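Note sheet for the following structure.
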Amino acid sequence: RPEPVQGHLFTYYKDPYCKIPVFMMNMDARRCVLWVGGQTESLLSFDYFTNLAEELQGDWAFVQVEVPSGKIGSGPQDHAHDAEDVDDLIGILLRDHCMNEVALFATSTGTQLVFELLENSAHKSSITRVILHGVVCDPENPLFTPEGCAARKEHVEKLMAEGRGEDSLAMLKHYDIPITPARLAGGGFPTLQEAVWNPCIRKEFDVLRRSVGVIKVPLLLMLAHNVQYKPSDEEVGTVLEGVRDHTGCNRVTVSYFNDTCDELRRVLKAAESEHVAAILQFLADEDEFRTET
Amino acid sequence: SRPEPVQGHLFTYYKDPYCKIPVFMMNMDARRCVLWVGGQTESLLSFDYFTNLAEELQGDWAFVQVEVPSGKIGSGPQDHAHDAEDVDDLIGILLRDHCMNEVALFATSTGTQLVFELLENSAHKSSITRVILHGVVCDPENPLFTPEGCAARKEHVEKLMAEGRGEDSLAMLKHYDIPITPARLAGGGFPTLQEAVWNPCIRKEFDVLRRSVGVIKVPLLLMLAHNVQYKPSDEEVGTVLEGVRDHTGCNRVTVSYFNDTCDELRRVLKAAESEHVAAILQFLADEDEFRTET
């Protein structure tokens with residue numbers, strides 16, 4: 001278990017009954033990795049973040065924000081309004097905190113905010129990289145079957161109709177990762193399951209245009225799954241090709257990690273060393289492909 | 001005008017292998033700490049003045065902040081006894097792992113619910129040497145706090161809990177003012193100083209006070225605010241002072257009023273920043289003096 005890590009804490013105002021805390025490490029750098037996560041993820045959600053930040057020390061800063069919609073009484077806020085809040089932070093970092101570029105790093109349902117931001121951000125030229133982590137399952141899982149997707153859409157529309165958009169427990173048979181109906185109701189792509197895995201295996205190319213297509217800068221996908229699910233080599237090839245051919249940058253990396261996951265697509269224990277090495281090397285390799293000039 | 005980023009140390013402790021609880025510590029060179037817990041919608045550094053507080057305390061008390069687990073989606077949803085328990089686990093960690101020799105517990109908003117529960121059941125009661133509680137109060141005859149509105153809210157919560165709607169704070173909007181989950185109301189206790197102090201003192205319900213301020217066996221600062229439209233009489237202020245003094249489990253209780261700007265839903269819009277800092281510092285200082293004799 002990590003020792004307490006030093007850094008700087010501030011909040012910025014959403015409305016004036018909602019302050020959003022931001023924890024910044026190693027700001028002596030001229031640029032930052034900005035992490036946003038799932039609704040049930042906390043600052044330092046992954047213990048390896050302390051190691052990540054420290055390895056990045058001198059090269060990249062490490063900044064963490066807690067998603068407003070992870071908190072009781074946020075609205076309840078959808079993915080577009082949370083993305084809006086993260087965009088205002090990105091602006092604060094660029095303008096007030098000497099950051100020249102940002103690598104967006106999203107885990108779990110944080111990846112929904114990133115796709116939303118990448119097509120609508122006021123700061124697109126400053127978001128130079130994207131890192132996305134996700135736990136994937138079989139598309140034939142009843143959750144992600146055509147019927148499963150339709151029943152969830154309907155269920156969410158009814159919950160919103162009853163004014164029950166903040167009750168993640170009302171969502172427990174129609175989805176796996178904890179999520180509010182309100183985050184589901186706005187659209188977009190909750191996780192890499194909807195953004196990458198399902199559309200690549202089913203060859204849904206117009207869906208992929210809406211997701212990875214909007215990413216016009218280097219992309220790292222970090223994929224995990226519960227031991228039970230054994231993606232075919234074919235499926236791994238289809239996903240690699242589907243992502244490369246349809247991302248808006250040609251520089252995509254797709255890596256697989258030995259994270260321990262439950263049967264509901266949450267990481268219990270990350271492959272510590274693997275995550276840190278894949279991130280350091282992705283940032284350093286894209287540092288080389290750019291300085292090619 | 002708002003605070004620069006503040007330096008401190010961040011860690012998390014496991015509540016369970018899915019929820020980790022962040023804790024932000026400042027100025028741990030001291031050998032004791034003020035520990036803050038708040039309402040479910042209150043974030044780390046909820047009050048801008050906490051930066052100034054921690055600064056003024058530096059060298060004397062550390063300043064530690066935890067986010068209430070039930071403030072997060074996916075918490076259970078957790079009632080007040082379990083939140084309290086999680087806070088008690090942090091107190092234990094601070095005592096053994098961070099050379100904290102005493103803890104001043106500081107709660108704002110519905111965080112106060114946890115403090116009363118803590119103080120009666122803590123494994124660490126000997127190390128909790130001061131309590132500071134802040135609340136916004138309204139007229140008890142407000143339709144939320146009349147005998148009937150209490151019964152109506154009590155019933156409404158029972159109904160939601162039976163539906164499995166314990167996490168749905170939006171379902172509580174007509175039956176309570178401050179944002180709160182049904183699950184937090186359902187376990188009982190005293191959500192805020194309205195229920196713990198104001199209502200029972202004005203209504204001379206002194207048995208209730210034994211369960212609230214009666215469990216507090218160390219010096220207590222009560223920090224009271226109200227919206228400008230509420231004008232408590234001298235008599236009612238007197239009855240509240242009398243009730244707290246006669247029924248707290250320790251004679252060293254201070255009851256102070258603050259010129260906080262509050263809306264009509266018992267939320268602080270702007271703390272009287274200088275008043276809060278000064279009252280907290282003077283309370284901590286005066287109680288050190290009292291204890292040193294002899």
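Computed from heavy atoms alone, side chains included, the values below leave out hydrogens, waters and symmetry copies. Numbers restart at 1 for each chain; the letters A, B, ... are given by sequence-line order, proteins then strands.
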**Asked** Checking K20(B) side chain against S45(A) main chain: does a donor-acceptor pair fall under 3.5 Å?
**Response** yes

**Request:** For the residue pair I20(A) and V65(A), establish whether any side-chain heavy-atom pair is separated by less than 4.5 Å.
**Result:** yes

**Complete:** Taking every heavy atom of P179(B) against every heavy atom of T41(B), the minimum-distance pair comes out as CB-CG2, 3.5 Å

**Request:** Compare all side-chain heavy atoms of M27(A) with those of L93(A) and state whether any distance is below 4.5 angstrom.
**Result:** yes

**Message:** Show the nearest heavy-atom pair for residues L208(A) and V196(A), with the distance to one decimal.
**Reply:** CD1-O, 4.1 Å

**Item:** Note, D82(A) side chain near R183(A) side chain (heavy atom, < 4.5 Å)
**Value:** yes

**Message:** A quick test of your reading: do over 12 heavy atoms of other residues, nucleotides or ligands sit less than 6.0 Å from CZ of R95(A)?
**Reply:** no

**Asked** Which atoms form the tightest heavy-atom contact between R164(A) and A170(A), and what is the distance?
**Response** NH2-CB, 3.8 Å

**Request:** Please check if the distance between the ring centroids of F49(A) and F105(A) is under 6.0 Å.
**Result:** yes

**Message:** I'd like to know if the side chain of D260(B) reaches the main chain of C262(B), judged simply by a donor and an acceptor atom lying under 3.5 Å from each other, with no hydrogens or angles considered.
**Reply:** no

**Request:** Examine the side chains of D262(A) and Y18(B) and answer whether a donor and an acceptor come within less than 3.5 Å of each other.
**Result:** yes

**Message:** Using a 6.0 Å cut-off, check whether atom NE2 of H82(B) has over 12 heavy atoms from anything other than its own residue.
**Reply:** no

**Request:** Check the pair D87(A), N120(A) against side-chain contact (heavy atoms from CB on, under 4.5 Å), reporting the backbone distance first and the verdict last.
**Result:** CA-CA 9 Å; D87(A) 214 45; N120(A) 294 316; over 6 Å; no

**Item:** Intermediate values then yes/no, side-chain contact (heavy atoms from CB on, under 4.5 Å), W197(A) and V239(A)
**Value:** CA-CA 7 Å; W197(A) 200 255; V239(A) 172; 3.8 Å; yes

**Message:** Donor-acceptor pair, distance only, cut-off 3.5 Å: does the side chain of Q78(B) make one with the backbone of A183(B)?
**Reply:** no

**Message:** Regarding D177(B) and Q194(B), do their side chains bring together a donor and an acceptor under 3.5 Å, going by distance alone?
**Reply:** no

**Prompt:** With a 4.5 Å limit on heavy-atom distance, are the side chains of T50(A) and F11(B) in contact?
**Reply:** no

**Considering all heavy atoms, the nearest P182(B)-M161(B) contact** = C-SD, 4.0 Å

**Asked** Does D89(B) pair with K15(B) as a salt bridge, N-O distance under 4.0 Å?
**Response** no

**Message:** Are the side chains of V68(B) and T110(B) in contact, using a 4.5 Å heavy-atom criterion?
**Reply:** no

**Prompt:** Is the closest side-chain heavy-atom distance between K72(B) and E66(A) below 4.5 Å?
**Reply:** yes

**Request:** Determine whether the side chains of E166(A) and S169(B) contain a donor N or O and an acceptor N or O closer than 3.5 Å.
**Result:** yes

**Request:** Indicate yes or no: at least one non-hydrogen side-chain atom of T108(B) is less than 4.5 angstrom from one of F47(B).
**Result:** yes

**Request:** Show the numbers, then the answer: is there a side-chain contact (heavy atoms from CB on, under 4.5 Å) between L184(A) and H155(A)?
**Result:** CA-CA 10 Å; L184(A) 275 175; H155(A) 188 70; over 6 Å; no

**Prompt:** Does NZ or CZ of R129(A) come closer than 6.0 Å to the centre of the six-membered ring of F282(A), within 45° of the ring's axis?
**Reply:** no

**Item:** Heavy-atom closest pair, residues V157(B) and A186(B)
**Value:** CG1-CB, 3.5 Å

**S108(A) side chain to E41(A) side chain, donor-acceptor N/O pair below 3.5 angstrom** = no

**Request:** Could you check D245(A) against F205(A) for side-chain contact (heavy atoms from CB on, under 4.5 Å), going step by step and ending with a plain yes or no?
**Result:** CA-CA 10 Å; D245(A) 294 355; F205(A) 294 135; over 6 Å; no

**Asked** Any side-chain heavy atom of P190(A) within less than 4.5 Å of one from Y175(A)?
**Response** yes

